[PDB]
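Protein chains in written order, with the deposited numbering: chain I, 1 to 60; chain H, 5 to 213, 222 to 323; chain K, 1 to 100; chain C, 301 to 450; chain B, 2 to 7, 23 to 29, 36 to 220; chain A, 6 to 41, 63 to 127. A virtual CB, placed ideally from N, CA and C, is assigned to each residue, including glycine. Since the structure comes first, as structure tokens, the remarks are kept for the end.
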Ligand SMILES: CCCCCCCCCCCCCCCCCC(=O)OC[C@H](COP(=O)(O)OCCN)OC(=O)CCCCCCCCCCCCCCCCC
Ligand SMILES: CCCCCCCCCCCCCCCCCC(=O)OC[C@H](COP(=O)(O)OCCN)OC(=O)CCCCCCCCCCCCCCCCC
Ligand SMILES: CCCCCCCCCCCCCCCCCCCC
Ligand code: SF4
């Protein structure tokens, strides 16, 4: 292949090494389940329950 | 007698070196996991023990107590023999490394030649694992990996011949005594880079790694393959420090400390290269091994010879 | 401490073993293997002779011998691949058309 | 009109999610493994907004005959602002780290190429058809759900 | 309580042998290598759990294997289509002991919403399952929770130490159901956040 | 001597401990736990590796004694490496060293 292509490709590889090393120097984005509890929005569709009215009787 | 205690002390030094190298290979399989986590904006295994230190023992126990399995219509001796080669070849190649003044296993007259012998024997692990599995896909993958390995082993020796040409001997202690003023990373920079690529490629590391030839392996044989891979990484990094970075030489710290930091530096760079680089295609890899690196090593040796004969 | 006669006899043993393997085998691959055995035995004999006299010439002849062995193994395996492509069998007795 | 804008925003959020998955999966298929980790972090930002709005991540089932299941929750705009400030730097980093790498270009350029005639005769739509030069997008040719207002 | 396979029995468990069996179980539970197997959307959430924002590698369970021989855990994450069921059975048979199964999602659990002509109604029709995850899809942290449940199940089981010495039976602990374990705290919930806010 | 035989003993112990460790590792793996047509390009690449490996051995022997061979040795190694690169160029230009056509 062309020597210019080889030099440009070597530069791109060096750039990739540099960005991944800088990403190593960055801050972690990991949410530490189960030590860190998962934040769920209020309308999250998880476990189904049956509720009660304010008088204490079951609403169903 | 002083001779007997000197012999036993040297034997104890060799056994200590061997145990530390095997432990370094396994513990830096775990360290590769942790460093991949660190490079990938995550943590890696940090739960099994204090900081994940017992995760490796868990892996070792899991592979020890797995059901041993060999394919039925397959060869048994060749299948069992391939992981032994993949472990033993580079583990034995470590034996020439000078770690510090007074700590060497074999101060051979050949040295570097013994490393070349071990790599040449090391290709048989891939070939044997591919043939013995009685799988067409694994056989084809192993032939591909072996062709790549030969494509880079063909210039590994010359990439080191630059350093031997400067030092005038095959011995390792004389090579590190030839670095008392200038390390070979500066004059043998082409030799430095070509030995880096060759050492990565003969170890089947990223980015140098028809299905794979390890699919039929399981249990403790898979563990042999992987631990032999990381042991080879330790050996290649130590060879790199010995040849191009002065070995034990340093201004302030004790020599073993300097050797340890440089070896750890190059193993960290090994894992960083795994994390960062993308994997090229097959034909591009063989063409970069043959067309670029082999004439580069030949020209590097020629220019090195002309330079050293100039003075 | 090592006799020269013992090294020469070891080389002769390996040479005649390679010759026997060359003759008795119908498969061309084992014929090539026996040829490699014989040439390695000859190179070993040259190493023994050079080491007895304390000369480099034995190892130099060893280098020339293994260069020849590499070239001959390359050519022979190319010919064996050609035979397996054309005739789909490695029986050397079937390659016998010219006679008289 | 508010139904149209809500459905358009949800569809564009999920389109960004799918495209991030596709680009990261392509980069992983080439041989680079770290952009899939970062693209899944961006997918987690999108999933934070989608979880806030619909209460689910992957299969919201939130559109309805005649509208959507609920009104937008209070504070959705802050999460949308956070995602819109987070995304472009990450996308530029993805391009510079993987998409401009010459190894990826050698693996990708010229591979499995077809023109406009082959795309038309096989019913190819989407990015392949537009990559053949044919300017046919449903959101412009046959507009729906208030896409003409954007 | 325990279940025997080669029957409901008691705990069979010397003081060195018990400690070393505990070390075997600890090594097995802290080194779980899942099998790479993409069926449907549940696999997308499973590989989401593998990524950096969740980092299931912290538990030592990130080593994804393309070969069933090197995989200890099979995560059936997706619908069991009738054409894919012999493939799943063959992949499960190709695995080696000890092998564990996690059903991920309603499709793998029971067939889910696809009670249809071309779908097998749950992977436990033909493959034993140790941990079930409800959800469609379960979120990645639910997969991590099922992983922890699998570790608790593994750490309480008794397996043959060697194939030449000792009892070769496999003992699986009949653990308490998670529903009855969490019924104390789940029923006591009174007020939740209103869905109007964020 | 004393140091050379100490190093011989250390090297032999290194050999046997490494081999025994690998064999014991596989023995313990077998013990523990309970039970239940290729193209000619491969030949060409391996053949090229063999030929250039022998030529590399010649350069190995050259490189050790540069300052004992003078400029004549450099000249002879220069014709050697010129024929080396001529063969390499010959292989590259005809398609021998290309995996794909
Ligand atoms: C020093 C500390 C660390 C030491 C550890 C070891 C380091 C080395 C690790 C291994 C490096 C492997 C390099 C693999 C090279 C593969 C070459 C290749 O595939 O080239 C083909 C590619 C595209 O070619 P093209 O013809 O365009 O494609 C066909 C078109 N459809 O063409 C190209 O991409 C052209 C450029 C090819 C590569 C040039 C050399 C790259 C060297 C690796 C990067 C080093 C980065 C810096 C490292 C730290 C330095 C301090
Ligand atoms: C599966 C098993 C396969 C076989 C494994 C090995 C079997 C034998 C095991 C026991 C070996 C015991 C050690 C032998 C002696 C070691 C010391 C020695 O060789 O000393 C001689 C020489 C010294 O020279 P030097 O010190 O440089 O100069 C001063 C001279 N007094 O130094 C030398 O000559 C050094 C050069 C020779 C070193 C050879 C080391 C072993 C090489 C074979 C490795 C095989 C790898 C596995 C198979 C690969 C795939 C087939
Ligand atoms: C990856 C590196 C593996 C190295 C294995 C060998 C370790 C040998 C340790 C020797 C320690 C003592 C060295 C001589 C004394 C100089 C240093 C004194 C302070 C430690
Ligand atoms: S359970 Fe739901 S999310 Fe999982 S595979 Fe089935 S349809 Fe997809």
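TODO: Give the secondary structure of residue 63 of chain A by DSSP, where H, G and I count as helix, E and B as strand, and everything else as coil.
DONE: Three-state result, residue 63 of chain A: coil.
Task: Burial state of residue 127 of chain A, where buried means 16 or more other Cβ atoms lie within 10 Å - done: Burial state of residue 127 of chain A is exposed, judged by a 10 Å Cβ sphere holding fewer than 16 other Cβ atoms.
- [ ] Check each candidate in A:72, A:22 and A:41 and name the one with the smallest Cα separation from residue 157 of chain H.
- [x] The option with the nearest alpha carbon to residue 157 of chain H is A:72.
Task: Cβ-based burial, residue 75 of chain B [other Cβ within 10 Å; buried from 16] - done: It is buried - the Cβ of residue 75 of chain B has at least 16 other Cβ atoms within 10 Å.
- [ ] Output yes if chain I places a C-beta closer than 8 Å to the C-beta of residue 351 of chain C; else output no.
- [x] For residue 351 of chain C, the closest Cβ of chain I is nearer than 8 Å.
Open item on the list: Using a 10 Å radius around the Cβ and a threshold of 16 neighbouring Cβ atoms, would you call residue 13 of chain K buried or exposed?
Closed with: Burial call: exposed.
Open item on the list: Taking a contact to mean a Cβ-Cβ separation below 8 Å, would you say residue 250 of chain H touches residue 98 of chain H in this structure?
Closed with: In this structure, residue 250 of chain H sits near residue 98 of chain H, with a CB-CB distance shorter than 8 Å.
Open item on the list: On a Cα-Cα basis, can you pick out the residue from H:322, H:36, H:5 and H:61 that is closest to residue 46 of chain B?
Closed with: Checked all of H:322, H:36, H:5 and H:61; the closest Cα to residue 46 of chain B is H:61.
- [ ] Would you check if there are 3 or more beta carbon pairs closer than 8 Å linking the segment 23-35 of chain H to the segment 9-21 of chain I?
- [x] No, the segment 23-35 of chain H is not in contact with the segment 9-21 of chain I.
TODO: Residues of the segment 33-51 of chain I with a CB closer than 8 Å to any CB of chain B: list them in chain order, please.
DONE: Listed by position along the chain: 33, 34, 38, 41, 42, 43, 47 and 49.
Open item on the list: Pairs of beta-carbons, one from the segment 159-171 of chain B and one from the segment 354-364 of chain C, closer than 8 Å: are there three or more?
Closed with: Judged by Cβ distances under 8 Å, the segment 159-171 of chain B makes contact with the segment 354-364 of chain C, as three or more pairs qualify.
Task: As assigned by DSSP and simplified to three states, the class of residue 58 of chain H - done: Of the three classes helix, strand and coil, the one that applies to residue 58 of chain H here is coil, per DSSP.
TODO: Decide if the segment 70-87 of chain H is in contact with the segment 106-123 of chain H; the criterion is three or more beta carbon pairs, one per stretch, under 8 Å apart.
DONE: Short answer: they don't touch.
Open item on the list: Closer than 7 Å to a non-hydrogen atom of ligand 1 - does that hold for the CB of residue 113 of chain B?
Closed with: No, the beta carbon of residue 113 of chain B sits no closer than 7 Å to any heavy atom of ligand 1.
Task: Burial state of residue 417 of chain C (16 or more Cβ within 10 Å) - done: Under a 10 Å Cβ-count criterion, residue 417 of chain C is classified as exposed, with fewer than 16 other Cβ atoms of the shown protein chains found around its own Cβ.
Task: 8 Å Cβ cutoff met for residue 43 of chain K and residue 80 of chain A - done: No. Outside cutoff.
Task: Residues near residue 120 of chain B by beta carbon distance below 7 Å, same chain, minus five either side - done: Closer than 7 Å at Cβ, skipping near neighbours: 50, 94 and 181.
Task: Cβ of residue 217 of chain B within 8 Å of any chain I Cβ - done: For residue 217 of chain B, the answer is yes, since a Cβ of chain I falls inside 8 Å of its Cβ.
TODO: Tell me, to the nearest whole angstrom, how far the beta carbon of residue 122 of chain B is from that of residue 152 of chain B; I am working on the premise that it is less than 8 Å.
DONE: Yes, residue 122 of chain B and residue 152 of chain B are in contact; Cβ-Cβ is about 5 Å, under 8 Å.
TODO: Anything in the segment 22-38 of chain A with a Cβ closer than 9 Å to a Cβ of chain B? List those residues in chain order, please.
DONE: Under the 9 Å Cβ criterion, the segment 22-38 of chain A contributes 36, 37 and 38.
Task: Pair within 8 Å by beta-carbon distance, residue 57 of chain B and residue 108 of chain B - done: Taking 8 Å as the Cβ cut-off, residue 57 of chain B and residue 108 of chain B do not qualify as a contacting pair.
TODO: Since I believe residue 132 of chain H is in contact with residue 169 of chain H (beta carbons under 8 Å), could you give me their beta-carbon distance rounded to a whole number of angstroms?
DONE: That pair is no contact at about 35 Å.
Open item on the list: Judging by CA-CA distance, which residue of H:39, H:38 and H:43 is the nearest neighbour of residue 335 of chain C?
Closed with: Here the closest residue by C-alpha is H:43.
Open item on the list: residue 104 of chain B and residue 145 of chain B - do their beta-carbons sit closer together than 8 Å?
Closed with: Not a contact, by the Cβ cut-off of 8 Å.
TODO: Along the alpha helix (DSSP H) that carries residue 127 of chain H, what are the first and last residues, could you check?
DONE: For residue 127 of chain H, the enclosing alpha helix (DSSP H) starts and ends at 116-136.
TODO: Quick one: which residues of the segment 77-106 of chain H get their C-beta closer than 9 Å to a C-beta of chain A? List them in chain order.
DONE: If the cut-off is 9 Å between Cβ atoms, the segment 77-106 of chain H has 84, 87, 88, 91, 92, 95, 96, 98 and 99 near chain A.
Open item on the list: At the level of alpha carbons, what is the spacing between residue 86 of chain A and residue 166 of chain H?
Closed with: When the Cα atoms are used, residue 86 of chain A and residue 166 of chain H turn out to be separated by approximately 10 Å.
Task: Contact set between residue 185 of chain B and chain A, taken where Cβ atoms lie within less than 8 Å - done: The contacting residues are 38, 39 and 40.
- [ ] Look at the alpha carbon of residue 118 of chain A and the alpha carbon of residue 18 of chain H, and state the distance between them as a whole number of angstroms.
- [x] Rounded to whole angstroms, residue 118 of chain A to residue 18 of chain H spans 46 Å at the Cα level.
Task: Backbone CA spacing between residue 193 of chain B and residue 102 of chain H [nearest angstrom] - done: C-alpha of residue 193 of chain B to C-alpha of residue 102 of chain H: approximately 52 Å in a straight line.
TODO: Report yes if the C-beta of residue 79 of chain H is less than 7 Å from at least one heavy atom of ligand 5; otherwise report no.
DONE: Among the ligands modelled here, namely ligand 1, ligand 2, ligand 3 and ligand 4, ligand 5 does not occur.
Open item on the list: Please tell me whether residue 49 of chain H has its Cβ less than 8 Å away from any Cβ of chain C.
Closed with: False, the Cβ-Cβ gap to chain C never drops below 8 Å.
TODO: Would you check whether ligand 4 has a heavy atom nearer than 7 Å to the C-beta of residue 164 of chain B?
DONE: For ligand 4, no non-hydrogen atom lies closer than 7 Å to the CB of residue 164 of chain B.
- [ ] Hey, could you find the ends of the alpha helix (DSSP H) residue 299 of chain H is sitting in?
- [x] For residue 299 of chain H, the uninterrupted alpha helix (DSSP H) segment begins and ends at 294-299.
Open item on the list: Check this for me: beta carbons of residue 120 of chain H and residue 23 of chain A, under 8 Å apart or not?
Closed with: Between residue 120 of chain H and residue 23 of chain A, the gap from beta carbon to beta carbon reaches 8 Å or more.
Task: Buried or exposed by the 16-neighbour rule on C-beta atoms within 10 Å, applied to residue 89 of chain A - done: Residue 89 of chain A should be labelled buried.
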